[PDB]
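The file query-v9.txt contains compact mmCIF, C-alpha atoms:
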```txt
# COMPACT_ATOMS: atom_id res chain seq x y z
CA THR A 148 0.00 0.00 0.00
CA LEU A 149 1.54 3.27 -1.13
CA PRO A 150 0.33 6.78 -2.06
CA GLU A 151 -0.07 8.37 -5.51
CA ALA A 152 3.26 9.88 -6.69
CA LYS A 153 2.24 11.80 -9.83
CA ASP A 154 4.92 14.51 -9.35
CA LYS A 155 8.65 14.55 -8.59
CA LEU A 156 8.49 15.67 -4.95
CA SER A 157 5.95 12.97 -4.01
CA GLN A 158 8.06 10.31 -5.78
CA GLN A 159 11.18 11.45 -3.90
CA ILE A 160 9.25 11.26 -0.62
CA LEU A 161 8.22 7.67 -1.37
CA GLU A 162 11.78 6.84 -2.52
CA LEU A 163 13.19 8.16 0.76
CA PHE A 164 10.41 6.41 2.68
CA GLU A 165 11.06 3.03 1.11
CA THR A 166 14.85 3.14 1.46
CA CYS A 167 14.91 4.49 5.05
CA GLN A 168 11.82 2.81 6.56
CA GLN A 169 12.66 0.34 9.34
CA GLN A 170 13.00 -3.12 7.79
CA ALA A 171 11.69 -6.32 9.32
CA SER A 172 15.27 -7.53 9.91
CA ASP A 173 16.13 -4.37 11.88
CA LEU A 174 13.08 -4.98 14.08
CA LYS A 175 13.98 -8.65 14.51
CA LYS A 176 17.47 -7.74 15.79
CA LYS A 177 15.88 -5.28 18.21
CA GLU A 178 13.32 -7.88 19.35
CA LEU A 179 16.05 -10.53 19.85
CA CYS A 180 17.93 -8.00 21.94
CA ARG A 181 14.76 -7.15 23.93
CA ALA A 182 14.00 -10.80 24.72
CA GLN A 183 17.63 -11.57 25.68
CA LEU A 184 17.81 -8.57 27.96
CA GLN A 185 14.47 -9.36 29.59
CA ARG A 186 15.75 -12.84 30.35
CA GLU A 187 18.96 -11.26 31.61
CA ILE A 188 17.21 -8.60 33.78
CA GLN A 189 14.94 -11.23 35.28
CA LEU A 190 17.88 -12.57 37.23
CA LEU A 191 17.66 -9.25 39.10
CA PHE A 192 13.92 -8.55 39.00
CA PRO A 193 12.05 -11.80 38.28
CA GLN A 194 8.75 -9.93 38.39
CA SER A 195 9.84 -7.64 35.54
CA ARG A 196 8.99 -7.43 31.85
CA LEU A 197 10.82 -5.54 29.09
CA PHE A 198 8.83 -3.72 26.38
CA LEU A 199 9.88 -2.34 23.04
CA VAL A 200 8.41 1.17 22.79
CA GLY A 201 8.68 4.24 20.55
CA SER A 202 9.95 4.39 16.96
CA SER A 203 10.89 0.69 16.99
CA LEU A 204 7.24 -0.25 17.28
CA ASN A 205 4.99 2.83 16.80
CA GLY A 206 5.20 2.54 12.98
CA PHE A 207 7.38 5.63 12.49
CA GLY A 208 10.77 3.92 12.55
CA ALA A 209 13.69 4.30 10.15
CA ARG A 210 16.59 1.91 9.60
CA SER A 211 18.49 4.32 11.87
CA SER A 212 15.83 4.42 14.61
CA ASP A 213 17.41 3.51 17.91
CA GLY A 214 15.63 1.14 20.26
CA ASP A 215 13.59 2.26 23.27
CA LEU A 216 12.94 -0.20 26.08
CA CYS A 217 10.64 0.16 29.04
CA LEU A 218 11.29 -2.04 32.09
CA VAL A 219 8.13 -2.82 34.09
CA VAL A 220 8.82 -3.81 37.71
CA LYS A 221 5.90 -4.65 40.03
CA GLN A 231 7.73 6.35 42.92
CA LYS A 232 10.97 7.56 41.35
CA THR A 233 13.15 6.42 44.25
CA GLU A 234 12.42 2.86 43.11
CA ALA A 235 12.74 3.74 39.41
CA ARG A 236 16.23 5.18 39.95
CA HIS A 237 17.36 2.34 42.24
CA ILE A 238 16.30 -0.17 39.60
CA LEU A 239 17.85 1.75 36.70
CA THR A 240 21.17 1.99 38.50
CA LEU A 241 21.03 -1.75 39.41
CA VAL A 242 20.26 -2.67 35.80
CA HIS A 243 23.13 -0.42 34.74
CA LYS A 244 25.66 -2.02 37.09
CA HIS A 245 24.42 -5.37 35.72
CA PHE A 246 25.15 -4.25 32.16
CA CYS A 247 28.61 -3.02 33.17
CA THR A 248 29.70 -6.04 35.23
CA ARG A 249 27.98 -9.17 33.92
CA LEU A 250 26.80 -8.20 30.43
CA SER A 251 29.96 -6.48 29.16
CA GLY A 252 30.49 -9.26 26.59
CA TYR A 253 27.83 -7.97 24.20
CA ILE A 254 26.62 -4.67 25.70
CA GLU A 255 28.92 -1.72 24.89
CA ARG A 256 29.39 1.53 26.81
CA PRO A 257 26.32 1.57 29.12
CA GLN A 258 25.77 5.03 30.54
CA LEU A 259 23.16 6.63 32.76
CA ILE A 260 21.87 9.66 30.89
CA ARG A 261 20.26 12.21 33.19
CA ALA A 262 16.94 13.65 32.04
CA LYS A 263 13.34 13.91 33.19
CA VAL A 264 13.11 10.22 32.32
CA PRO A 265 16.44 8.77 33.53
CA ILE A 266 17.84 6.43 30.90
CA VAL A 267 20.49 3.77 30.43
CA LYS A 268 21.97 4.21 26.97
CA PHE A 269 23.85 1.32 25.49
CA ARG A 270 24.97 -0.25 22.23
CA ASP A 271 24.16 -3.88 21.45
CA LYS A 272 27.23 -5.42 19.81
CA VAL A 273 25.04 -8.21 18.44
CA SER A 274 22.80 -5.98 16.29
CA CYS A 275 25.22 -2.97 16.43
CA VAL A 276 22.15 -0.94 17.54
CA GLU A 277 21.84 1.87 20.08
CA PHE A 278 19.21 1.47 22.80
CA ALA A 279 17.67 3.58 25.54
CA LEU A 280 16.14 1.77 28.52
CA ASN A 281 13.98 3.43 31.15
CA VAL A 282 12.22 2.02 34.20
CA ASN A 283 8.44 2.01 34.61
CA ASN A 284 7.57 4.84 32.22
CA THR A 285 4.48 2.93 31.17
CA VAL A 286 2.86 5.79 29.25
CA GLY A 287 5.39 5.13 26.48
CA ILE A 288 3.89 1.66 26.07
CA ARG A 289 0.39 3.14 25.72
CA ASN A 290 1.21 5.83 23.21
CA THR A 291 3.37 3.39 21.21
CA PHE A 292 0.18 1.65 20.16
CA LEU A 293 -1.85 4.83 19.87
CA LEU A 294 0.73 6.15 17.41
CA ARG A 295 1.05 2.77 15.72
CA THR A 296 -2.71 2.76 15.08
CA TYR A 297 -2.39 6.17 13.45
CA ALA A 298 0.73 5.02 11.56
CA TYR A 299 -1.30 2.42 9.66
CA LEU A 300 -4.68 4.22 9.62
CA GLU A 301 -3.74 5.84 6.29
CA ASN A 302 -0.95 5.21 3.77
CA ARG A 303 0.36 8.82 3.75
CA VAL A 304 0.96 9.19 7.49
CA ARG A 305 4.15 7.12 7.55
CA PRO A 306 5.92 8.60 4.45
CA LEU A 307 5.12 12.12 5.61
CA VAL A 308 6.26 11.53 9.17
CA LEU A 309 9.50 9.93 7.98
CA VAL A 310 10.51 12.67 5.54
CA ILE A 311 9.62 15.21 8.22
CA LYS A 312 11.77 13.44 10.86
CA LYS A 313 14.72 13.35 8.44
CA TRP A 314 14.08 16.99 7.60
CA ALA A 315 14.02 18.16 11.22
CA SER A 316 17.09 16.05 12.03
CA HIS A 317 18.99 17.42 9.06
CA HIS A 318 18.38 20.99 10.23
CA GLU A 319 19.59 20.28 13.80
CA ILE A 320 16.15 20.94 15.33
CA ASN A 321 15.25 17.36 16.20
CA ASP A 322 17.05 16.82 19.51
CA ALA A 323 15.27 17.63 22.79
CA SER A 324 18.54 16.95 24.63
CA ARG A 325 20.02 19.84 22.62
CA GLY A 326 17.08 22.21 23.20
CA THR A 327 14.88 21.54 20.10
CA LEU A 328 11.89 19.36 19.09
CA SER A 329 11.55 15.80 20.29
CA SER A 330 10.62 13.16 17.73
CA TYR A 331 7.41 12.60 19.70
CA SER A 332 6.59 16.32 19.52
CA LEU A 333 7.06 16.26 15.75
CA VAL A 334 4.98 13.10 15.30
CA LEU A 335 2.22 14.71 17.31
CA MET A 336 2.55 17.85 15.19
CA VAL A 337 2.31 15.94 11.89
CA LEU A 338 -0.70 14.02 13.26
CA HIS A 339 -2.26 17.32 14.40
CA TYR A 340 -1.70 18.84 10.93
CA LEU A 341 -3.39 15.80 9.39
CA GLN A 342 -6.20 16.04 11.98
CA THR A 343 -7.20 19.66 11.36
CA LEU A 344 -7.20 19.85 7.54
CA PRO A 345 -10.46 21.18 6.02
CA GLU A 346 -11.26 17.64 4.85
CA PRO A 347 -9.27 15.81 7.51
CA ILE A 348 -6.88 12.93 6.88
CA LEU A 349 -6.94 11.57 10.46
CA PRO A 350 -9.74 11.54 13.06
CA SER A 351 -9.26 11.30 16.81
CA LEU A 352 -8.62 7.67 17.74
CA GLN A 353 -9.18 8.27 21.48
CA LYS A 354 -12.53 10.00 20.97
CA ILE A 355 -13.92 7.44 18.48
CA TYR A 356 -12.52 4.25 20.14
CA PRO A 357 -11.64 5.04 23.80
CA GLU A 358 -12.14 1.33 24.58
CA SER A 359 -9.02 0.44 22.57
CA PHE A 360 -6.79 3.11 24.19
CA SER A 361 -8.31 3.52 27.70
CA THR A 362 -5.93 3.75 30.68
CA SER A 363 -7.48 0.59 32.17
CA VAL A 364 -6.18 -1.63 29.33
CA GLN A 365 -3.60 -4.05 30.67
CA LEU A 366 -0.19 -3.06 29.39
CA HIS A 367 0.64 -6.47 27.93
CA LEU A 368 -2.55 -6.33 25.83
CA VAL A 369 -2.37 -2.66 24.70
CA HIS A 370 -0.91 -3.84 21.36
CA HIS A 371 -4.29 -5.40 20.48
CA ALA A 372 -5.63 -1.89 19.76
CA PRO A 373 -4.26 -1.61 16.17
CA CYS A 374 -5.82 -5.01 15.37
CA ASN A 375 -9.24 -3.66 16.40
CA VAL A 376 -9.38 -0.19 14.81
CA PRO A 377 -10.44 -0.08 11.11
CA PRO A 378 -8.72 2.08 8.46
CA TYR A 379 -9.68 5.69 7.83
CA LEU A 380 -11.01 6.81 4.45
CA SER A 381 -10.79 10.60 4.16
CA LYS A 382 -12.07 12.98 1.49
CA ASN A 383 -8.74 14.86 1.15
CA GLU A 384 -6.91 14.09 -2.12
CA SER A 385 -3.73 16.08 -1.32
CA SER A 386 -0.66 14.16 -2.52
CA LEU A 387 2.49 13.69 -0.40
CA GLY A 388 4.24 16.75 -1.84
CA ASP A 389 1.14 18.93 -1.40
CA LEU A 390 0.93 17.74 2.22
CA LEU A 391 4.62 18.27 3.02
CA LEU A 392 4.38 21.82 1.62
CA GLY A 393 1.21 22.40 3.64
CA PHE A 394 2.76 21.06 6.82
CA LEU A 395 5.74 23.40 6.50
CA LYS A 396 3.44 26.36 5.70
CA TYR A 397 1.01 25.62 8.55
CA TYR A 398 3.57 25.84 11.31
CA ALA A 399 5.63 28.54 9.53
CA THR A 400 2.72 30.95 9.15
CA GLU A 401 -0.62 29.99 10.73
CA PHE A 402 -0.08 28.26 14.10
CA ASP A 403 0.15 30.59 17.10
CA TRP A 404 2.75 29.05 19.43
CA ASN A 405 2.04 31.76 22.00
CA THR A 406 -1.67 31.10 22.56
CA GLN A 407 -2.42 27.47 21.66
CA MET A 408 -1.49 23.89 22.44
CA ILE A 409 -1.73 20.91 20.12
CA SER A 410 -4.07 18.15 21.32
CA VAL A 411 -3.99 14.96 19.25
CA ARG A 412 -6.33 13.51 21.90
CA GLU A 413 -8.91 16.13 20.94
CA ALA A 414 -7.86 16.29 17.25
CA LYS A 415 -7.91 20.04 17.85
CA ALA A 416 -5.90 23.11 18.63
CA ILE A 417 -6.89 24.23 22.13
CA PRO A 418 -6.08 27.53 23.91
CA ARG A 419 -3.15 27.36 26.30
CA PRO A 420 -4.30 26.48 29.84
CA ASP A 421 -3.64 28.90 32.68
CA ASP A 422 -1.94 26.02 34.56
CA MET A 423 1.67 26.56 35.73
CA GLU A 424 3.04 23.91 33.32
CA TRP A 425 2.22 26.10 30.27
CA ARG A 426 2.84 29.58 31.72
CA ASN A 427 6.14 30.47 30.03
CA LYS A 428 6.67 27.73 27.42
CA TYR A 429 7.29 28.58 23.76
CA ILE A 430 5.81 25.34 22.38
CA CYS A 431 2.87 23.44 23.93
CA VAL A 432 2.05 19.90 22.71
CA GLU A 433 -0.36 17.93 24.94
CA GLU A 434 0.65 14.35 25.67
CA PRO A 435 -2.53 12.39 24.75
CA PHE A 436 -2.58 10.06 27.81
CA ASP A 437 -1.23 12.36 30.56
CA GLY A 438 -1.35 16.14 30.65
CA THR A 439 2.16 17.43 30.00
CA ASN A 440 4.18 19.43 27.45
CA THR A 441 6.19 17.15 25.14
CA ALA A 442 8.13 20.11 23.68
CA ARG A 443 9.04 21.24 27.21
CA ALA A 444 12.68 20.90 26.09
CA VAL A 445 12.34 24.04 23.91
CA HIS A 446 13.08 26.69 26.54
CA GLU A 447 15.73 29.01 24.98
CA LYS A 448 14.58 31.89 22.74
CA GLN A 449 17.45 31.30 20.29
CA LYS A 450 16.37 27.65 19.84
CA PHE A 451 12.67 28.57 19.52
CA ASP A 452 13.64 31.03 16.78
CA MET A 453 15.77 28.36 15.13
CA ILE A 454 12.61 26.25 14.80
CA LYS A 455 10.49 29.19 13.56
CA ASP A 456 13.08 30.38 11.04
CA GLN A 457 13.67 26.86 9.72
CA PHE A 458 9.96 26.25 9.13
CA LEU A 459 9.62 29.53 7.26
CA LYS A 460 12.77 29.02 5.16
CA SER A 461 12.03 25.40 4.25
CA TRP A 462 8.48 26.26 3.24
CA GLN A 463 9.99 29.00 1.03
CA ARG A 464 12.64 26.89 -0.74
CA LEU A 465 10.14 24.06 -1.23
CA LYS A 466 7.42 26.37 -2.55
CA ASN A 467 9.78 27.73 -5.18
CA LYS A 468 11.59 24.49 -6.17
CA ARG A 469 9.30 21.46 -5.53
CA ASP A 470 12.29 19.11 -5.17
CA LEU A 471 12.96 17.34 -1.85
CA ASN A 472 16.62 18.34 -2.37
CA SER A 473 15.67 21.97 -1.60
CA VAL A 474 15.00 21.17 2.08
CA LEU A 475 16.80 17.80 2.54
CA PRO A 476 19.81 16.56 0.53
CA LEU A 477 18.64 13.15 -0.68
CA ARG A 478 22.27 11.94 -0.80
CA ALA A 479 22.73 12.49 2.96
CA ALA A 480 19.95 10.07 3.97
CA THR A 481 20.15 7.15 1.50
```
Translate the structure of the given file into structure tokens.
Amino acid sequence: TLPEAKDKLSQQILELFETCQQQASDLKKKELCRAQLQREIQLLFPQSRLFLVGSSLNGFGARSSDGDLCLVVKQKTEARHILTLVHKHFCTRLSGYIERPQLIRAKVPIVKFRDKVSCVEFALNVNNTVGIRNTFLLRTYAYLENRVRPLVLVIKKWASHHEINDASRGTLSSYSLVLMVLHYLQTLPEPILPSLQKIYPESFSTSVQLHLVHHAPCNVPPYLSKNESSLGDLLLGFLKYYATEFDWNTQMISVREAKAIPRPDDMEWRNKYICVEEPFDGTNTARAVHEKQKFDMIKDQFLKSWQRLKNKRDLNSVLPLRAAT
């Protein structure tokens, strides 16, 4: 299943999609690593399970997507004690096939490591279960329509190429972008995506047992929309929408509502530049964008890329196609 591709830009977007999309063999090496590590971690926490989460499973992965793992142990004092124990385990016992494990310090503490078996970089956290839930929310969107995945992928590569796709460095997280693409698709005049949580709350409710949340994409049917915009029309529109129309200073993006909502007067959103509502809990995913200079970098790059693309409808105007493939 693939979109139209009547023009050059749309064809280049599909070409980039098909050569960079995460292949089944990439996902098998990540799953073999996940199962081996769960087995390995269970020596320490026998009541624990290890989940693949994020780009590896949400449908928006590229061959270069790192792996995200979520360790479920039956509030943060425990989460940090477990993460440091797991880390010492990786350093002492697992050093034969687990390279350079490091505790990275962030809102969600992480153990970063490289699997020498798959040669793949991984990020493991402890008990951040919301990432399991939204993995399968996003996955259900990722396959709800054939344009969502090519658009999201070219947009991820685009943001990464322009050094605005790294929340650790002050810019937009991949999750923020994905939510922004999905919001753009949700609010078109003839919309390309509905709200999954409004139409089927039963398949994404917070009472669903974590180990069954992945059943949700098997339940939800595909979305047929009236919009006939091709991939190049939509990539241009997505750059224009955030470059010109979307008021960062007054509104927040709610994929849960499939709407733009006014910024709440709560203290979380009081001084933030960018407000994207996490769909399961109520928090700002773009909270990492807190420096004016970086905020401007995002704004200026949206404007500029929409300009170069408008004039020359070649994907090379905003993303060198030789630097990805």
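Each of A:286, A:414, A:309, A:454 was compared to residue 439 (chain A) using all atoms listed in the file, and A:286 turns out to be the nearest.
With all atoms listed in the file as the atoms that count, the residue of A:340, A:322, A:367, A:206 with the shortest distance to residue 398 (chain A) is A:340.
Near region 471-478 of chain A, within 7 Å and counting all atoms listed in the file, sit residues 156, 159, 314, 317, 461, 464 and 465 of chain A, not including residues fewer than 6 positions from it in the same chain.
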Subject >> Two-atom distance - CA of residue 374 (chain A), CA of residue 296 (chain A) (Å) >> reply: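 According to the coordinates, CA of residue 374 (chain A) and CA of residue 296 (chain A) are separated by 8.4 Å.
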Subject >> Polymer residues at most 6 Å from region 185-196 of chain A, all atoms listed in the file, same-chain spacing of 4 or more positions, as a PyMOL selection string >> reply: chain A and resi 218-220
Subject >> residue 354 (chain A) environment, 10 Å, all atoms listed in the file, sequence neighbours closer than 5 positions dropped, as a PyMOL selection string >> reply: chain A and resi 360+412-414
Subject >> residue 326 (chain A) environment, 7 Å, all atoms listed in the file, sequence neighbours closer than 2 positions dropped, as a ChimeraX atom specification >> reply: /A:322-324,444-446,450
Original post:
If you count all atoms listed in the file, which residues fall within 7 Å of region 170-174 of chain A, apart from same-chain ones fewer than 3 positions away, as a ChimeraX atom specification?
Top reply: /A:177-178,203,210
**OP:** Point out the residue among A:166, A:458, A:216, A:381 with the least atom-to-atom distance to residue 182 (chain A), counting only C-alpha atoms.
**Re:**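 Closest candidate: A:216.
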Original post:
For residue 328 (chain A), which of A:343, A:441, A:157, A:463 is the closest residue, counting only C-alpha atoms?
Top reply: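 Selected residue with least distance to residue 328 (chain A): A:441.
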